[PDB]
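Colleague: in the first instance, please consider these chains from the complex; the rest will follow:
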Amino acid sequence: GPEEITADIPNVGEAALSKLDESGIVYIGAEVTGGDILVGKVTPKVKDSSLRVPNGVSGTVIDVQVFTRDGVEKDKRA
Amino acid sequence: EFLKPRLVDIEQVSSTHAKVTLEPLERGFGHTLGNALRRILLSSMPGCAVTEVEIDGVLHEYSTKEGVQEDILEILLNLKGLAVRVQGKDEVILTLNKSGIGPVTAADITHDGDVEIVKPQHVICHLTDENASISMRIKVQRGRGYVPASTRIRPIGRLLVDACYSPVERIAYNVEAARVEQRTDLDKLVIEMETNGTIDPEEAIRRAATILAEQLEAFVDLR
């Protein structure tokens, strides 16, 4: 099936997704650390394939860019 | 048997530069006390430093604000250099509101009765548009030593500032001959201190001496 980017991710607590918006994308200016989820993505195996911060790369989110193909309904953050 | 030194003079050369004279001192004690007090003054003096900043409409430091000459990061660096003395409390929130073209300096910070700005001309930023306005809440905390933000463990927009709490900038000490009523083998110790203007030199000297005495209490009764 088509992979989905959303804030609905299984087997993860609500606190670990407080930095994500309703679209499952990290806010601008969020102070992230190693392991934090930046973009929540699920594969319909749904498996947890979300983009996480690489280990020990604790930093600040300064820009988010969204690129969508024709025919795809772009999300609310988009 | 040993003559005990006393604080005999405080020459306030400037607001941030002073000289404290301890007299009389026996042989060797001048340099001993000078180095001990220098190390304690440079390492352990308490002071107030900016730790958190909240600028309206700003999400992070790696950004720009319309009508502001400086980057938000540069504004944070300037606020890191803001020298403030707080009375009766270990944490305060200052409010800075400014509008119109001109340098936004420490003098524009809202007056607080328990807060004294030692250098009102400290430039915080520059507004370059007549319709531009900046509003920030600055958190000032009392501490000691150097406390980086990264080693410090928040809504988006609250920017952490590395805290250099130490008010002492430079310490030098010179041991020279002292003129006593009947003795000639007595020295005097002149401690030259350059601070940020937020600590009294006599208060700093007594503070360092108290720290040294409390650290010496362990050796005084060895067991």
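Modeller: Done, it's in. Residues are numbered from 1 along each chain as shown, chains lettered A, B, ... in the order given.
Colleague: just the buried residues of the host helix or strand of residue B:176, please?
Modeller: For residue B:176, the host element (DSSP states H and E) is strand B:168-177. Within strand B:168-177, the residues scored as buried using 16 or more other C-beta atoms under 10 Å in any protein chain shown are B:168, B:171, B:173, B:175. In this view, the C-beta of every residue, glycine as well, is placed from N, C-alpha and C.
Colleague: with just CA atoms, put that strand into PDB.
Modeller: Output of strand B:168-177 as PDB, limited to C-alpha atoms (Å, rounded to 0.1, in the frame of the first residue of the first chain):
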ATOM      1  CA  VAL B 168      34.700  38.900  38.000                       C
ATOM      2  CA  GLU B 169      36.500  39.500  34.700                       C
ATOM      3  CA  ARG B 170      40.200  40.000  35.700                       C
ATOM      4  CA  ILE B 171      42.100  39.500  38.900                       C
ATOM      5  CA  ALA B 172      45.700  40.600  39.600                       C
ATOM      6  CA  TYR B 173      47.600  40.900  42.900                       C
ATOM      7  CA  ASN B 174      50.800  42.600  43.900                       C
ATOM      8  CA  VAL B 175      52.700  42.100  47.100                       C
ATOM      9  CA  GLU B 176      54.800  45.100  48.100                       C
ATOM     10  CA  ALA B 177      56.600  46.500  51.100                       C
END
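Colleague: biggest helix in chain B, by residue count?
Modeller: Secondary structure of chain B per DSSP state H: the longest helix is helix B:201-220.
Colleague: in that helix, which residues are buried?
Modeller: Result for helix B:201-220 [16+ other C-beta under 10 Å]: buried residues B:201, B:204, B:205, B:207, B:208, B:209, B:211.
Colleague: just want the most central residue of the chain.
Modeller: Picking chain A for this. Against the mean C-alpha coordinate of chain A, by C-alpha atoms, centre = their mean, the closest residue is residue A:39 at 1.4 Å.
Colleague: if you could check chain B rather than the one you did, that'd help
Modeller: Most central in chain B under C-alpha atoms, centre = their mean is residue B:167, positioned 1.8 Å from the mean C-alpha point.
Colleague: chain C follows; place it on the structure:
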Amino acid sequence: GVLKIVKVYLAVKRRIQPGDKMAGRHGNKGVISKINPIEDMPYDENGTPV
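Modeller: To build on what is shown above, here is chain C added in:
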């Protein structure tokens, strides 16, 4: 096959620490071994440390 792409840009401030490589313009390179406290550094007659 790509439905969408989200690019996130992370800014990190790297502060100097032992293990970092410093150099002049003369080929004098080295690795920082210690972050010495200010009161431990050599200082001149005016109390200014290096």
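Colleague: can you check the buried residues of strand B:168-177 again with chain C included?
Modeller: B:168, B:169, B:170, B:171, B:172, B:173, B:174, B:175.
Colleague: which helix or strand contains the residue lying closest to the fourth one once chain neighbours are set aside?
Modeller: Distances taken as C-beta to C-beta, 6 or more residues apart in numbering or on different chains put residue B:38 closest to residue B:171, at 4.5 Å, once the chain neighbours are dropped. Per DSSP H and E: residue B:38 is located in helix B:29-44.
Colleague: contacts for that helix, please.
Modeller: For helix B:29-44, contacts defined as C-beta atoms under 8 Å, 6 or more residues apart in numbering or on different chains pick out B:2, B:5, B:22, B:25, B:144-145, B:166, B:168, B:171-175, B:187-189, B:191, B:193, B:204-205, B:207-209, B:211-212, C:37-39, C:47.
Colleague: just the buried positions in it, please.
Modeller: Neighbour-count burial for helix B:29-44 flags B:29-30, B:33-34, B:36-44 (criterion: 16+ other C-beta under 10 Å).
Colleague: can you read off the backbone torsions of the residue nearest to the centre of chain A?
Modeller: The phi/psi pair for residue A:39 (degrees, to the nearest 10) reads phi -130, psi 120.
Colleague: ok, back up a step: adjacent strands (with direction) for the next helix or strand after the strand holding residue B:176?
Modeller: Downstream of strand B:168-177, the next assigned helix or strand under DSSP H and E is strand B:187-195. When pairing is defined by DSSP bridges, strand B:187-195 lines up against strand B:17-25 (antiparallel), strand B:168-177 (antiparallel).
Colleague: ok, and what's touching the first one?
Modeller: Identification of contacts with strand B:17-25 by C-beta under 8 Å, 6+ apart yields B:3, B:5-13, B:33, B:175, B:178, B:180, B:183, B:186-195, B:201-202, B:205.
Colleague: in ChimeraX, select just the buried ones from these.
Modeller: Burial among the contacts of strand B:17-25 is assessed by 16+ other C-beta under 10 Å; the matching ChimeraX selection reads:
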select /B:5,33,175,178,186,187,188,189,190,191,192,193,194,195,201,205
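Colleague: thanks a lot, catch you later.
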